[PDB]
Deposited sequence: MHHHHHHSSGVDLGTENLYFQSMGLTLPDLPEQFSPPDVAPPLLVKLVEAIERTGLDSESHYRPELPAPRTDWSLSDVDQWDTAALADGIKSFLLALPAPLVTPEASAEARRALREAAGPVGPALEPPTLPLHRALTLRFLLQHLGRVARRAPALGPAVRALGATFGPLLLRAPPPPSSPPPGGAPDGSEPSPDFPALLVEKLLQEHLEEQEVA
């Protein structure tokens, strides 16, 4: 159930994929105070990407939608090249630059930025920022990357931490 690659989903002056934008805007009107964002379970495979009734969806459906979007891309959001460059920076410890162009291509970088902005807003609603950032890393790491076995989680955790600093 594979979506087009990110360059085929949007172009500047748009700064994020419309499907992701629709899910994020929906979920942020209704359910930023939800635990659903933090759930690492994979949703049932999505075949209907119309989002025809997305504004009537419950927070769980929307959170699942965001996860399904990431899993539906033909290749992971964070590329192997970008992963390896983050890994080298993260090991030799700011990972942020590693996940920007040219290292991470424009569409992917924009998409990652849009997602991190959303995940920051979720984190800030939580009772404790640090634990939230950690839980969100554990959930979204594997979705974005698809050697330490927690590297994906640690990378997203650090990227979110850096976003929140700024």
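- request: Provide the list of deposited-sequence positions lacking C-alpha coordinates, grouped into contiguous ranges.
  value: In the chain as deposited, 1-24, 118-119, 173-190, 211-214 carry no coordinates.
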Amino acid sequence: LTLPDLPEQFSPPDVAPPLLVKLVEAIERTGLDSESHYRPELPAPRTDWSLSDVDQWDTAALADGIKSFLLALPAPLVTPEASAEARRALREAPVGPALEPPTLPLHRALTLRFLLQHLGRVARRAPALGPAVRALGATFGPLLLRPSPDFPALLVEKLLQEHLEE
From here on, numbers count along this sequence of modelled residues.
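query: Of 28-36 and 122-130, which one has the bigger average CA B-factor?
result: Comparing 122-130 with 28-36, the higher average CA B-factor belongs to 28-36.
Which of 17-25 and 153-161 has higher mean CA B factor, as the PDB entry lists it: If you average the C-alpha B-factors of 153-161 and of 17-25, the larger mean comes out for 153-161.
Criterion, highest CA B-factor; candidates, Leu136, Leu99, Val54, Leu70: Among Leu136, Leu99, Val54, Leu70, the PDB entry lists the largest C-alpha B-factor for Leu99.
- request: Would you mind finding, among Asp58, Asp48, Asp64, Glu41, the residue with the largest C-alpha temperature factor in the entry?
  value: If I rank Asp58, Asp48, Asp64, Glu41 by C-alpha B-factor, first place goes to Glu41.
- request: Within this chain's modelled residues, let me know which third the CA B factor of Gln9 belongs to: lowest, middle or highest.
  value: Lowest third.
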